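Data first, discussion second: the structure below is written as structure tokens.
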Amino acid sequence: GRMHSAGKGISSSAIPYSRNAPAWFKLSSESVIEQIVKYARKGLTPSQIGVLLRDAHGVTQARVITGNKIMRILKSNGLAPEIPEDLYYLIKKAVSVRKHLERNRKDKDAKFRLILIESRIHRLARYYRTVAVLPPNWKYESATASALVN
Amino acid sequence: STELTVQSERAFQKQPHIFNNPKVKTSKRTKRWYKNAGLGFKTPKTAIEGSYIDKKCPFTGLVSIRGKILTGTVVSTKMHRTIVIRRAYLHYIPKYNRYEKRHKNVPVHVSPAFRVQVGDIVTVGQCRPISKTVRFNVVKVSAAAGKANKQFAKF
Amino acid sequence: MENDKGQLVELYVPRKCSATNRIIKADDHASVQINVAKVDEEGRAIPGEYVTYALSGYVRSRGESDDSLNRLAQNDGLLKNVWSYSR
Amino acid sequence: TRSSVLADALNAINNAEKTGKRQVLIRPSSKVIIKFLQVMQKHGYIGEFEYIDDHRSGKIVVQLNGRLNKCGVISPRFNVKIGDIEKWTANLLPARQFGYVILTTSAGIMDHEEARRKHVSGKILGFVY
Amino acid sequence: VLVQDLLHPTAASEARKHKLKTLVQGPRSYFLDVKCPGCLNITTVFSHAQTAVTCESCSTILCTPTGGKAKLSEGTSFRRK
Amino acid sequence: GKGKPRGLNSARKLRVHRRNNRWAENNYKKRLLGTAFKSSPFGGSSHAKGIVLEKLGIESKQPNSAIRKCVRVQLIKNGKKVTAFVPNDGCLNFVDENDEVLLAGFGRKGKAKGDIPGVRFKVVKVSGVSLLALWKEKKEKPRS
RNA sequence: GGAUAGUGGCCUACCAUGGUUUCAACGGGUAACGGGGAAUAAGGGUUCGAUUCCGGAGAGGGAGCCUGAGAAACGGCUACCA
RNA sequence: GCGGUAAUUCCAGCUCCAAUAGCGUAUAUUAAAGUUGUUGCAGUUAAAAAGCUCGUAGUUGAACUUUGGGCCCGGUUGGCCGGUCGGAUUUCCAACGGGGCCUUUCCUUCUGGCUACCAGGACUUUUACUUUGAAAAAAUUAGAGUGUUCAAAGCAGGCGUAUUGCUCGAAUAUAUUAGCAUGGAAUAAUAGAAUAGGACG
RNA sequence: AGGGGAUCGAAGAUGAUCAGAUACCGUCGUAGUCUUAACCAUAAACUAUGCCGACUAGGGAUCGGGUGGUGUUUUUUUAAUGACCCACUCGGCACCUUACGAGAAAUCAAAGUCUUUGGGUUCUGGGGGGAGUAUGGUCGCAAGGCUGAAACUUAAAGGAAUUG
Ligand SMILES: CN[C@@H]1[C@@H](O)[C@@H](O[C@@H]2[C@@H](O)[C@H](O[C@H]3O[C@H](CN)CC[C@H]3N)[C@@H](N)C[C@H]2N)OC[C@]1(C)O
Ligand SMILES: [Mg+2]
Ligand SMILES: [Mg+2]
Ligand SMILES: [Mg+2]
Ligand SMILES: [Mg+2]
Ligand SMILES: [Mg+2]
Ligand SMILES: [Mg+2]
Ligand SMILES: [Mg+2]
Ligand SMILES: [Mg+2]
Ligand SMILES: [Mg+2]
Ligand SMILES: [Mg+2]
Ligand SMILES: [Mg+2]
Ligand SMILES: [Mg+2]
Ligand SMILES: [Mg+2]
Ligand SMILES: [Mg+2]
Ligand SMILES: [Mg+2]
Ligand SMILES: [Mg+2]
Ligand SMILES: [Mg+2]
Ligand SMILES: [Mg+2]
Ligand SMILES: [Mg+2]
Ligand SMILES: [Mg+2]
Ligand SMILES: [Mg+2]
Ligand SMILES: [Mg+2]
Ligand SMILES: [Mg+2]
Ligand SMILES: [Mg+2]
Ligand SMILES: [Mg+2]
Ligand SMILES: [Mg+2]
Ligand SMILES: [Mg+2]
Ligand SMILES: [Mg+2]
Ligand SMILES: [Mg+2]
Ligand SMILES: [Mg+2]
Ligand SMILES: [Mg+2]
Ligand SMILES: [Mg+2]
Ligand SMILES: [Mg+2]
Ligand SMILES: [Mg+2]
Ligand SMILES: [Mg+2]
Ligand SMILES: [Mg+2]
Ligand SMILES: [Mg+2]
Ligand SMILES: [Mg+2]
Ligand SMILES: [Mg+2]
Ligand SMILES: [Mg+2]
Ligand SMILES: [Mg+2]
Ligand SMILES: [Mg+2]
Ligand SMILES: [Mg+2]
Ligand SMILES: [Mg+2]
Ligand SMILES: [Mg+2]
Ligand SMILES: [Mg+2]
Ligand SMILES: [Mg+2]
Ligand SMILES: [Mg+2]
Ligand SMILES: [Mg+2]
Ligand SMILES: [Mg+2]
Ligand SMILES: [Mg+2]
Ligand SMILES: [Mg+2]
Ligand SMILES: [Mg+2]
Ligand SMILES: [Mg+2]
Ligand SMILES: [Mg+2]
Ligand SMILES: [Mg+2]
Ligand SMILES: [Mg+2]
Ligand SMILES: [Zn+2]
């Protein structure tokens with residue numbers, strides 16, 4: 001548990017036993033699917049949105065109130081990004097680390113984490129290529145990474 | 001490979017003893033002999049519809065399939081009108097009562113009936129010696145895509 | 001411990017811990033047999049008439065002999081209240 | 001991580017009857033755990049077990065009488081062919097008369113004695129006594 | 001110890017345990033319908049905040065997040081469901 | 001979990017690891033190095049004949065004091081000088097020098113036998129007449 | 001195409017850039033012919049097999065060849081080296 | 001470990017032990033050896049965890065998808081009776097397995113042949129495993145038979161009407177990894193419909 | 001290779017000491033000690049103790065986070081706090097008592113779930129010495145790092161505990 005550290009922590013979300021639920025929620029799939037896509041229009045992430053519709057509005061889990069998950073809906077709606085968001089913030093993070101490194105190469109612990117972060121990046125891509133969400137030959141490139149974040 | 005020129009060799013390429021009479025005017029031009037290799041194997045349409053020549057093609061050629069018949073996946077398409085397949089298989093070590101992964105790389109002449117790609121499993125019938133390496137001949141192609149379509153453009 | 005035909009052989013069919021259903025063998029010297037007296041109307045205890053249990057050496061050493069008999073006796077009728085099967 | 005679920009379950013079982021306990025929680029159940037527990041139950045080494053329902057893999061509560069000495073998994077699932085079932089038994093089973101080597105065959109998870117009579121074999125699974 | 005009911009454990013000793021480690025895992029958070037009579041009606045908020053919510057009409061603060069459940073700003077009522 | 005790999009498919013890693021490790025087994029090693037044929041004074045054979053160079057009394061290690069009559073021998077087939085021991089009482093008066101002695105090991109597979117150090121061999125026959133039969137009276141040493 | 005009894009880079013012309021390998025290629029060693037089999041007797045294993053049967057090689061070392069259905073023969077020839 | 005002056009170990013006589021036409025020895029080898037450890041090792045201090053993390057090959061890798069139920073047919077051993085001339089079979093009773101139906105349910109599909117496979121067309125996601133079989137040299141080995149006078153052997157021989165012949169034998173089993181054929185569908189891989197380039201007609 | 005260079009201080013200089021005293025102690029003091037840029041890759045680099053996963057037992061403390069409380073403090077005035085208390089729960093640095101178990105023992109909550117022997121996997125070791133030597137390959141500017149035999153030799157070396 002926790003590949004790149006000794007971290008044994010158990011921290012997660014405990015998903016409920018009720019598969020339909022809550023029984024107190026009105027509105028409908030039309031209302032939330034419309035609600036999803038306006039925030040995707042704004043540019044929020046399935047992680048950012050599902051929280052937003054958890055806190056502000058009345059969605060316990062959007063996977064239920066609509067028979068599809070959040071990203072699958074964005075995909076069908078053309079609002080899907082070209083690379084998944086976990087991979088995005090993986091690459092987006094290493095872009096900032098190596099950025100701090102060009103400022104100070106004296107910092108060894110930074111040079112160290114950059115290995116672990118980039119290891120994880122190459123692992124995700126390898127899987128994403130296996131399942132064909134990214135083309136075969138998709139590779140994480142150092143200098144071409146700053147251009148994929150922005 | 002193949003896939004054009006039909007004549008590209010300094011030798012005039014033709015089927016043996018299949019004669020097109022010039023005086024007898026035909027609108028099909030070529031008269032093209034074929035057979036079905038047997039062993040419950042479809043002689044494919046492109047072997048008939050095709051314009052090609054090759055005599056090592058078990059459907060239109062003078063080689064006959066007999067003996068072993070083998071499954072294996074294509075690791076190399078790099079040769080023109082032949083290919084190499086990796087048939088893996090497991091080996092049992094009696095002492096340890098376990099298995100170890102092995103493989104054997106089989107060159108096999110691919111008739112220009114088939115479009116073969118790397119990664120496609122292939123069925124292969126045994127034939128007379130063809131080249132130095134090749135004792136076997138492509139017969140049936142078991143994979144028509146092998147993930148080819150799932151790679152797609154953005155939108 | 002029977003045989004070819006019929007007869008029971010092999011001396012000494014051993015006891016069992018009533019709590020854990022474990023064979024209690026000759027050398028288990030922390031093993032124990034409890035004799036609980038069955039009384040009659042007006043509280044007199046009827047000497048020689050017993051509800052008995054055997055408790056393995058293991059259960060006593062672990063500290064479970066107390067809670068084991070409490071379970072073992074109450075469901076046998078000698079008590080109520082006290083022990084809860086659920087926790 | 002987790003490799004043999006069945007092994008994990010046959011553990012807490014043996015870790016129960018070594019501590020004396022008559023009830024053990026196991027997670028995350030299985031298809032094989034079921035059929036193995038079944039074979040254990042039907043020959044009398046456990047009581048009744050209840051698969052409970054979470055929405056993931058489930059749990060199980062197994063009641064064990066104490067008649068059991070050792071249950072356990074054979075970790076690699078070994079091919080055994082009909083003539084080696086004897087060989088396999090003689091190693092881990094206390095005496096000829098009782099105990100069961102239980103395994104998996106194309107005819108279903110079953111012990112060697114049931115295997116003998118049906119006369120099919122398969123890969124090994126575990127053992128119970 | 002040595003005998004206890006695993007199938008039917010006490011809900012009182014259950015609710016002390018960790019959300020994952022109960023007999024069946026489930027979330028312990030809640031949903032409240034929260035009121036600022038400066039608005040006639042309610043926006044329904046999740047208990048452990050993150051996003052610090054506004055009411056549909058005016059820009060106004062219901063909660064601010066913490067690690068756990070949110071600080072409900074100043075006067076509000078709430079209905080749990 | 002006793003790091004030997006358990007896998008049903010780990011056969012190679014299993015049989016390789018043991019092949020790798022038999023080198024720690026000693027005379028497994030000596031088997032495949034050919035050390036019998038390569039080094040050691042005998043060819044890798046039971047006995048070997050040779051010729052006496054000198055008669056050397058060896059003083060035995062503690063807690064013993066003796067003078068153990070031995071012979072520097074040069075192996076015919078081989079050419080190695082090797083130093084061997086003469087058994088029982090006298091028996092050094094049966095050899096002298098330039099003689100042809102049959103040697104055997106000491107029965108320890110190398111590894112000198114006794115308070116006699118560094119001597120791995122023993123005299124069996126001299127002049128082909130079998131030191132026993134000379135020590136008892138059964139034979140006498142050949143004329144010349 | 002030549003050649004062979006015949007297939008085949010067997011050889012030859014033009015042509016292609018291919019074929020093997022950490023699933024150990026390639027290389028080095030073998031006091032290595034391989035198999036039937038042999039010893040040691042919980043099982044599992046370990047060790048050996050020049051040698052009475054089968055298969056393969058060779059007739060001092062190499063090549064070459066005649067005769068013939070059949071030999072690259074050696075109790076056939078020709079040459080070399082010994 | 002014996003021997004430097006009373007030697008239970010040397011050299012001898014006497015006696016006694018072990019095996020016995022045999023016994024000693026050197027060398028290899030197997031068992032002893034769970035001291036090579038798949039079965040089946042040890043690794044804190046005896047020999048032995050890389051200074052630390054990453055990471056390719058290798059080994060390995062959570063759970064879930066036909067469950068349960070109802071109705072037939074046919075087998076082989078076991079009893080309680082036996083009917084009978086030691087075995088004979090039907091009913092009573094179990095015990096283990098095999099096949100087939102229906103409960104929403106292809107074992108490929110059509111065209112007839114026939115009453116279960118004929119042969120022909122058209123197609124079929126591919127594996128590991130486990131069953132059974134066919135094909136498998138003798139000798140060797142395990143082993144039935146046979147009184148080489150015993151025996152290792154050998155595969156002979158054994159019976160009268162031994163003056164004109166009769167006649168049982170020369171079994172069986174083992175053979176494995178791969179190959180072929182076949183019953184199995186558990187465990188474990190593998191492929192499928194998602195920008196539908198989807199399935200059926 | 002520059003800078004820096006207070007202090008301490010391998011070399012070296014010495015004063016004492018001893019039979020000797022190239023030392024211990026005293027005294028001076030070069031390199032060093034710091035730093036910039038490049039090298040080096042070793043330590044008893046230690047928990048002399050692989051990583052992932054399941055399970056097996058009580059107890060009070062403690063670190064960080066979170067949950068509950070008609071709990072105590074502050075007060076300015078309920079509040080809001082902020083520290084404190086009590087209980088629960090995850091994840092941590094540890095500690096006590098135990099011994100169902102383990103072990104040669106010292107001791108171990110793992111070193112337990114092992115002849116009733118199988119969760120996944122990496123690494124190492126196979127009497128002592130010769131020896132971490134020779135050799136070859138490779139890394140380094142160098143010192144050195146890595147990999148790494150054999151001949152021969154030898155009955156013990158060795159671990160924990162026990163009594164003297
Ligand atoms: C602390 N170092 C240890 C070393 O001491 C030793 O440890 C073993 C340990 O592996 C065995 O345990 C192992 O085998 C068990 C089988 N019953 C279960 C799995 C595993 N824990 C223990 N039974 C004995 C220890 N001394 O072997 C493994 C190791 C990691 O090197
Ligand atoms: Mg990790
Ligand atoms: Mg990792
Ligand atoms: Mg965890
Ligand atoms: Mg065993
Ligand atoms: Mg290797
Ligand atoms: Mg080596
Ligand atoms: Mg070593
Ligand atoms: Mg020799
Ligand atoms: Mg001299
Ligand atoms: Mg000595
Ligand atoms: Mg001689
Ligand atoms: Mg030819
Ligand atoms: Mg040779
Ligand atoms: Mg050999
Ligand atoms: Mg063999
Ligand atoms: Mg041979
Ligand atoms: Mg001979
Ligand atoms: Mg010849
Ligand atoms: Mg030459
Ligand atoms: Mg030569
Ligand atoms: Mg010749
Ligand atoms: Mg001759
Ligand atoms: Mg001849
Ligand atoms: Mg010359
Ligand atoms: Mg010569
Ligand atoms: Mg005397
Ligand atoms: Mg003696
Ligand atoms: Mg005497
Ligand atoms: Mg002898
Ligand atoms: Mg095994
Ligand atoms: Mg050991
Ligand atoms: Mg050590
Ligand atoms: Mg370490
Ligand atoms: Mg490394
Ligand atoms: Mg080190
Ligand atoms: Mg799985
Ligand atoms: Mg699984
Ligand atoms: Mg059914
Ligand atoms: Mg064999
Ligand atoms: Mg400097
Ligand atoms: Mg200075
Ligand atoms: Mg000085
Ligand atoms: Mg002194
Ligand atoms: Mg002093
Ligand atoms: Mg000073
Ligand atoms: Mg330390
Ligand atoms: Mg620790
Ligand atoms: Mg170390
Ligand atoms: Mg520890
Ligand atoms: Mg080491
Ligand atoms: Mg040695
Ligand atoms: Mg070293
Ligand atoms: Mg060393
Ligand atoms: Mg070193
Ligand atoms: Mg070197
Ligand atoms: Mg470099
Ligand atoms: Mg150099
Ligand atoms: Zn508002």
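So you can find residues: chains in the structure tokens are A, B, ... in the order shown, residues in each start at 1, and ligands are numbered from 1 in order.
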
Contacts to ligand 11 at 9 Å cut-off (only C-alpha atoms (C1' of nucleotides) and all ligand atoms) as a list in words: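 Checked against 9 Å with only C-alpha atoms (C1' of nucleotides) and all ligand atoms; the hits are residues 61, 62, 63, 114 and 115 of chain F; 1 of chain H; 155 of chain I.
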
Can you spit out the residues from that selection as a PDB file, in the first residue's frame, using N, CA, C and O atoms (P, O5', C5', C4', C3', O3' and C1' of nucleotides)?
```pdb
ATOM      1  N   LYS F  61      53.178 -34.557  14.279  1.00  0.00           N
ATOM      2  CA  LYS F  61      52.627 -33.449  15.038  1.00  0.00           C
ATOM      3  C   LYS F  61      52.283 -33.891  16.458  1.00  0.00           C
ATOM      4  O   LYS F  61      52.161 -35.080  16.757  1.00  0.00           O
ATOM      5  N   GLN F  62      52.144 -32.908  17.344  1.00  0.00           N
ATOM      6  CA  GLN F  62      51.743 -33.142  18.736  1.00  0.00           C
ATOM      7  C   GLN F  62      50.341 -33.770  18.853  1.00  0.00           C
ATOM      8  O   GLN F  62      49.579 -33.778  17.884  1.00  0.00           O
ATOM      9  N   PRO F  63      50.013 -34.349  20.025  1.00  0.00           N
ATOM     10  CA  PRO F  63      50.926 -34.627  21.135  1.00  0.00           C
ATOM     11  C   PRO F  63      51.645 -35.964  20.934  1.00  0.00           C
ATOM     12  O   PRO F  63      51.640 -36.833  21.811  1.00  0.00           O
ATOM     13  N   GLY F 114      47.159 -38.591   9.545  1.00  0.00           N
ATOM     14  CA  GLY F 114      47.536 -38.873  10.915  1.00  0.00           C
ATOM     15  C   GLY F 114      48.430 -37.825  11.513  1.00  0.00           C
ATOM     16  O   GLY F 114      48.484 -36.698  11.018  1.00  0.00           O
ATOM     17  N   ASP F 115      49.076 -38.153  12.626  1.00  0.00           N
ATOM     18  CA  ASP F 115      50.157 -37.301  13.098  1.00  0.00           C
ATOM     19  C   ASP F 115      51.224 -37.083  12.023  1.00  0.00           C
ATOM     20  O   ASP F 115      52.068 -36.196  12.178  1.00  0.00           O
TER      21      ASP F 115
ATOM     22  P     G H   1      41.443 -36.498  21.106  1.00  0.00           P
ATOM     23  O5'   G H   1      41.550 -37.649  22.191  1.00  0.00           O
ATOM     24  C5'   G H   1      42.746 -38.388  22.343  1.00  0.00           C
ATOM     25  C4'   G H   1      42.504 -39.864  22.164  1.00  0.00           C
ATOM     26  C3'   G H   1      43.589 -40.763  22.730  1.00  0.00           C
ATOM     27  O3'   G H   1      43.465 -40.985  24.116  1.00  0.00           O
ATOM     28  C1'   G H   1      43.195 -41.381  20.506  1.00  0.00           C
TER      29        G H   1
ATOM     30  P     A I 155      43.854 -31.978  11.587  1.00  0.00           P
ATOM     31  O5'   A I 155      42.567 -31.435  12.368  1.00  0.00           O
ATOM     32  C5'   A I 155      42.664 -30.649  13.563  1.00  0.00           C
ATOM     33  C4'   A I 155      41.322 -30.541  14.267  1.00  0.00           C
ATOM     34  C3'   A I 155      40.823 -31.825  14.926  1.00  0.00           C
ATOM     35  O3'   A I 155      39.837 -31.476  15.892  1.00  0.00           O
ATOM     36  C1'   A I 155      39.388 -31.279  13.160  1.00  0.00           C
TER      37        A I 155
END
```

Who sits within 10 Å of residue 90 in chain I, only C-alpha atoms (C1' of nucleotides), same chain under 5 positions skipped, as a list in words: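 Those residues are residues 9, 10 and 11 of chain A; 17, 18, 19 and 20 of chain E; 65 and 66 of chain I.
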
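Residues lying within 12 Å of residue 86 in chain D, counting only C-alpha atoms (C1' of nucleotides) and ignoring same-chain neighbours fewer than 6 positions away, are residues 80, 92, 93, 96, 100, 101, 111, 112, 113, 115, 116 and 121 of chain D; 43 of chain G.
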
Chain D contacts to chain B at 10 Å (only C-alpha atoms) as number ranges by chain: D: 76, 78-79

Output the selection as a JSON list (two decimals), in the first residue's frame - N, CA and C atoms for each residue.
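Result went into out_24.json, see below:
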```json
[["chain", "number", "residue", "atom", "x", "y", "z"],
["D", 76, "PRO", "N", 0.67, -23.29, -5.04],
["D", 76, "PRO", "CA", 0.52, -23.39, -6.49],
["D", 76, "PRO", "C", -0.57, -24.40, -6.77],
["D", 78, "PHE", "N", -1.60, -27.28, -8.30],
["D", 78, "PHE", "CA", -0.76, -28.28, -8.93],
["D", 78, "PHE", "C", -1.61, -29.19, -9.77],
["D", 79, "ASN", "N", -1.19, -29.43, -11.00],
["D", 79, "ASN", "CA", -1.77, -30.54, -11.74],
["D", 79, "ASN", "C", -1.45, -31.85, -11.02]]
```

Range 47-145 of chain A: residues DSSP assigns to helix (DSSP H, G or I), reported as number ranges by chain: A: 47-55, 62-65, 70-76, 85-103, 108-130, 145

Write the residues you've just listed into a file as a tab-separated table (two decimals), in the first residue's frame, and include C-alpha atoms for each of them.
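Printed below is selection.tsv as written:
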```tsv
chain	number	residue	atom	x	y	z
A	47	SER	CA	-13.14	15.27	-9.56
A	48	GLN	CA	-13.87	19.00	-9.18
A	49	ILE	CA	-17.47	18.64	-10.38
A	50	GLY	CA	-18.51	15.55	-8.40
A	51	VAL	CA	-17.40	17.38	-5.26
A	52	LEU	CA	-19.26	20.51	-6.35
A	53	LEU	CA	-22.49	18.60	-6.97
A	54	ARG	CA	-21.83	16.79	-3.68
A	55	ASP	CA	-21.51	19.94	-1.57
A	62	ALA	CA	-23.50	11.09	-9.74
A	63	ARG	CA	-22.77	7.48	-10.71
A	64	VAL	CA	-26.22	6.61	-9.33
A	65	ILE	CA	-28.66	9.43	-10.10
A	70	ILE	CA	-19.09	11.53	-14.57
A	71	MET	CA	-16.31	11.08	-17.14
A	72	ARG	CA	-18.33	8.72	-19.35
A	73	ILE	CA	-20.96	11.46	-19.54
A	74	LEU	CA	-18.36	14.11	-20.41
A	75	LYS	CA	-16.94	11.74	-23.02
A	76	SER	CA	-20.31	11.30	-24.75
A	85	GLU	CA	-7.08	13.98	-15.54
A	86	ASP	CA	-5.07	11.75	-13.20
A	87	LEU	CA	-2.44	11.55	-15.93
A	88	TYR	CA	-2.81	15.31	-16.45
A	89	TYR	CA	-2.03	16.27	-12.85
A	90	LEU	CA	0.70	13.63	-12.85
A	91	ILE	CA	2.43	15.31	-15.78
A	92	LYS	CA	1.37	18.77	-14.60
A	93	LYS	CA	3.10	18.10	-11.28
A	94	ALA	CA	6.43	16.90	-12.71
A	95	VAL	CA	6.37	19.97	-14.94
A	96	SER	CA	6.48	22.08	-11.77
A	97	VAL	CA	9.14	19.94	-10.07
A	98	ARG	CA	11.63	20.04	-12.93
A	99	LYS	CA	10.74	23.73	-13.14
A	100	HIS	CA	11.94	24.15	-9.54
A	101	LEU	CA	14.99	22.09	-10.50
A	102	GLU	CA	16.11	24.41	-13.29
A	103	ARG	CA	16.03	27.14	-10.66
A	108	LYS	CA	18.66	16.67	-4.32
A	109	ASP	CA	15.41	15.63	-2.63
A	110	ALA	CA	13.62	17.43	-5.48
A	111	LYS	CA	15.70	15.52	-8.03
A	112	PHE	CA	14.67	12.40	-6.12
A	113	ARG	CA	10.88	12.87	-6.06
A	114	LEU	CA	11.02	13.84	-9.72
A	115	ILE	CA	12.10	10.24	-10.33
A	116	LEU	CA	9.16	8.78	-8.40
A	117	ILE	CA	6.67	11.18	-9.97
A	118	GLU	CA	7.98	10.43	-13.45
A	119	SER	CA	8.03	6.71	-12.68
A	120	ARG	CA	4.31	6.92	-11.88
A	121	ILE	CA	3.73	8.96	-15.06
A	122	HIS	CA	5.38	6.29	-17.20
A	123	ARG	CA	3.32	3.65	-15.43
A	124	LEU	CA	-0.03	5.35	-16.09
A	125	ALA	CA	0.83	5.94	-19.75
A	126	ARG	CA	1.84	2.30	-20.10
A	127	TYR	CA	-1.58	1.23	-18.84
A	128	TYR	CA	-3.48	3.90	-20.78
A	129	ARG	CA	-1.69	2.72	-23.92
A	130	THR	CA	-2.55	-0.92	-23.17
A	145	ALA	CA	5.80	18.22	-21.08
```

Expected selection as number ranges by chain for ligand 25 within 12 Å, only C-alpha atoms (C1' of nucleotides) and all ligand atoms: G: 61, 80-82

Can you write out the residues you just picked, keeping C-alpha atoms (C1' of nucleotides), as a PDB file, in the first residue's frame?
```pdb
ATOM      1  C1'   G G  61      45.357 -37.702 -40.791  1.00  0.00           C
ATOM      2  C1'   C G  80      49.306 -35.056 -50.507  1.00  0.00           C
ATOM      3  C1'   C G  81      51.034 -34.772 -44.879  1.00  0.00           C
ATOM      4  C1'   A G  82      52.875 -38.319 -41.237  1.00  0.00           C
TER       5        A G  82
END
```

Expected selection as a ChimeraX atom specification for ligand 7 within 12 Å, only C-alpha atoms (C1' of nucleotides) and all ligand atoms: /F:19-26,28-30,32-33 /I:147-150

Grab me every residue within 12 Å of ligand 57, counting only C-alpha atoms (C1' of nucleotides) and all ligand atoms, and send it over as a PDB file with N, CA and C atoms (P, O5', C5', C4', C3', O3' and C1' of nucleotides), in the first residue's frame.
```pdb
ATOM      1  P     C I  39      31.242  14.957 -12.296  1.00  0.00           P
ATOM      2  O5'   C I  39      32.362  13.895 -11.933  1.00  0.00           O
ATOM      3  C5'   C I  39      32.434  13.383 -10.618  1.00  0.00           C
ATOM      4  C4'   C I  39      33.834  12.983 -10.264  1.00  0.00           C
ATOM      5  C3'   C I  39      33.949  11.700  -9.464  1.00  0.00           C
ATOM      6  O3'   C I  39      33.923  10.545 -10.283  1.00  0.00           O
ATOM      7  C1'   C I  39      35.250  13.394  -8.449  1.00  0.00           C
ATOM      8  P     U I 138      37.702  -4.097 -20.038  1.00  0.00           P
ATOM      9  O5'   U I 138      36.716  -3.365 -19.024  1.00  0.00           O
ATOM     10  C5'   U I 138      35.309  -3.377 -19.191  1.00  0.00           C
ATOM     11  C4'   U I 138      34.655  -2.806 -17.965  1.00  0.00           C
ATOM     12  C3'   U I 138      35.147  -1.426 -17.547  1.00  0.00           C
ATOM     13  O3'   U I 138      34.448  -0.394 -18.217  1.00  0.00           O
ATOM     14  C1'   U I 138      35.103  -2.883 -15.673  1.00  0.00           C
ATOM     15  P     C I 139      35.016   1.109 -18.276  1.00  0.00           P
ATOM     16  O5'   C I 139      34.848   1.669 -16.790  1.00  0.00           O
ATOM     17  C5'   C I 139      33.598   2.175 -16.346  1.00  0.00           C
ATOM     18  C4'   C I 139      33.659   2.627 -14.913  1.00  0.00           C
ATOM     19  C3'   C I 139      34.695   3.680 -14.593  1.00  0.00           C
ATOM     20  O3'   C I 139      34.307   4.978 -14.981  1.00  0.00           O
ATOM     21  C1'   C I 139      34.743   2.002 -12.940  1.00  0.00           C
ATOM     22  P     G I 140      35.413   5.954 -15.617  1.00  0.00           P
ATOM     23  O5'   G I 140      36.267   6.448 -14.363  1.00  0.00           O
ATOM     24  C5'   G I 140      35.622   7.008 -13.232  1.00  0.00           C
ATOM     25  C4'   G I 140      36.580   7.252 -12.098  1.00  0.00           C
ATOM     26  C3'   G I 140      37.964   7.741 -12.472  1.00  0.00           C
ATOM     27  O3'   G I 140      38.006   9.121 -12.795  1.00  0.00           O
ATOM     28  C1'   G I 140      38.163   6.016 -10.907  1.00  0.00           C
TER      29        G I 140
END
```

All residues having an atom within 12 Å of ligand 12 (only C-alpha atoms (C1' of nucleotides) and all ligand atoms) as an MDAnalysis selection string: chainID F and resid 47:52 73 75:76 94:95 98:104 123:131 141:142

Interatomic distance, CA of residue 71 in chain E to CA of residue 32 in chain E (Å, one decimal):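 CA of residue 32 in chain E lies at a distance of 12.9 Å from CA of residue 71 in chain E.
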
Quick check: residues of chain A within 7 Å of chain E, only C-alpha atoms, returned as a tab-separated table (two decimals) with N, CA and C atoms, in the first residue's frame.
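Printed below is out_9.tsv as written:
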```tsv
chain	number	residue	atom	x	y	z
A	14	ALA	N	-15.99	5.89	1.87
A	14	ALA	CA	-16.76	4.68	2.10
A	14	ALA	C	-18.07	4.80	1.33
A	15	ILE	N	-18.21	4.00	0.28
A	15	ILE	CA	-19.36	4.11	-0.62
A	15	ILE	C	-20.55	3.42	0.04
A	16	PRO	N	-21.76	3.96	-0.08
A	16	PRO	CA	-22.91	3.42	0.66
A	16	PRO	C	-23.44	2.11	0.09
A	17	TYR	N	-24.18	1.39	0.94
A	17	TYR	CA	-24.82	0.17	0.48
A	17	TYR	C	-26.01	0.43	-0.42
A	52	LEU	N	-18.39	19.34	-6.30
A	52	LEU	CA	-19.26	20.51	-6.35
A	52	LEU	C	-20.73	20.11	-6.27
A	54	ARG	N	-21.68	17.40	-5.00
A	54	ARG	CA	-21.83	16.79	-3.68
A	54	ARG	C	-22.14	17.85	-2.63
A	55	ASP	N	-21.39	18.94	-2.64
A	55	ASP	CA	-21.51	19.94	-1.57
A	55	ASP	C	-22.68	20.88	-1.84
A	56	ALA	N	-22.55	21.75	-2.85
A	56	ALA	CA	-23.57	22.74	-3.18
A	56	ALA	C	-24.91	22.08	-3.49
A	57	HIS	N	-24.98	21.36	-4.60
A	57	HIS	CA	-26.23	20.77	-5.05
A	57	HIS	C	-26.43	19.43	-4.35
A	58	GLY	N	-27.41	18.66	-4.81
A	58	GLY	CA	-27.89	17.51	-4.07
A	58	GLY	C	-27.46	16.13	-4.53
```
